[PDB]
Amino acid sequence: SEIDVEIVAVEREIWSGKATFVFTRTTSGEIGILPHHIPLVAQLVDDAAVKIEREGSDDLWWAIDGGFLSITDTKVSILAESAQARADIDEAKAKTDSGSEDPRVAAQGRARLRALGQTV
């Protein structure tokens, strides 16, 4: 079995497919999801980072901007303001974004930084 993960944004969809293991961060801390659990609904943090693992393929590090995780019997949809790929993120832009004083900017930069390798 696998985990159906679909990263959708209020403006457009980013990714959609199956995974072997996925981890996300919400107001209740970080949590892991497997392809054999029960439904669930949690709200991701501002600088939340989702890690979608692929069976046989390298995981996908993406940054979510205030998104929400919704797990079902055999489906997992993630709705957020927007998403960003670790390969598209820039160590410079991430640092600056996190350096900003604004809440939105600080969130994006923090989320992108995490996907890059940063923590908290």
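Any read-out appearing in this document is the output of simple, stated calculations on the displayed coordinates, not a laboratory observation. Here the Cβ positions follow ideal geometry from the backbone for every residue, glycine too, while neighbour counts run over all protein chains shown.
Yes/no matrix, rows are residues, columns are (1) part of a helix (DSSP H, G or I); (2) of a type in the set (A, V, I, L, M); (3) touching a strand residue (DSSP E or B) at 6+ places or on another chain (Cβ under 8 Å):
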site	(1), (2), (3)
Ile52	no, yes, yes
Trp62	no, no, yes
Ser70	no, no, yes
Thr74	no, no, yes
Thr96	yes, no, no
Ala106	yes, yes, no
>> If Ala92 meets every condition in (1) within 22 Å of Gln118 (Cα to Cα); (2) surrounded by 14 or more Cβ atoms within 10 Å (Cβ to Cβ); (3) small (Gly, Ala, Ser); (4) more than 10 Å from the chain's Cα centre (by Cα) apart from one, which number is that one?
In response: (2)
> Given the conditions (1) touching a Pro at 6+ places or on another chain (Cβ under 6 Å); (2) within 17 Å of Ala83 (Cα to Cα); (3) among the acidic types (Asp, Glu), which single one is not true for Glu6?
Replying inline: (1)
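Got a number for residues in segment 76-89 being assigned to a loop (DSSP other than H, G, I, E, B) and surrounded by fewer than 17 Cβ atoms within 10 Å (Cβ to Cβ)? Spell out how you get there, then give the answer.
To start, the set of residues in segment 76-89 that are assigned to a loop (DSSP other than H, G, I, E, B) comprises 81-82, 86-89.
This time we only want the ones that are surrounded by fewer than 17 Cβ atoms within 10 Å (Cβ to Cβ), so: 81, 87-88.
Within segment 76-89, residues that are assigned to a loop (DSSP other than H, G, I, E, B) and surrounded by fewer than 17 Cβ atoms within 10 Å (Cβ to Cβ) number 3.
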>> Tell me yes or no: at least one residue of segment 4-15 is of a type in the set (D, E, K, R) and within 18 Å of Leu113 (Cβ to Cβ).
In response: no
> Hey, any hits in segment 10-27 for a residue that's touching a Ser or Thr at 6+ places or on another chain (Cβ under 9 Å), surrounded by 16 or more Cβ atoms within 10 Å (Cβ to Cβ) and in contact (Cβ under 8 Å) with a residue 40 or more places away in the chain?
Replying inline: yes
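Restricting to segment 30-60, name every residue that is farther than 15 Å from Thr20 by Cβ and under 12 Å from the mean Cα position of the chain (by Cα). First the steps, then the outcome.
Filtering segment 30-60 for residues farther than 15 Å from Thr20 by Cβ gives 30-31, 38-49.
Selection gives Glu30, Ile31, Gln43, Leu44, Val45, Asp46, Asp47, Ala48, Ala49.
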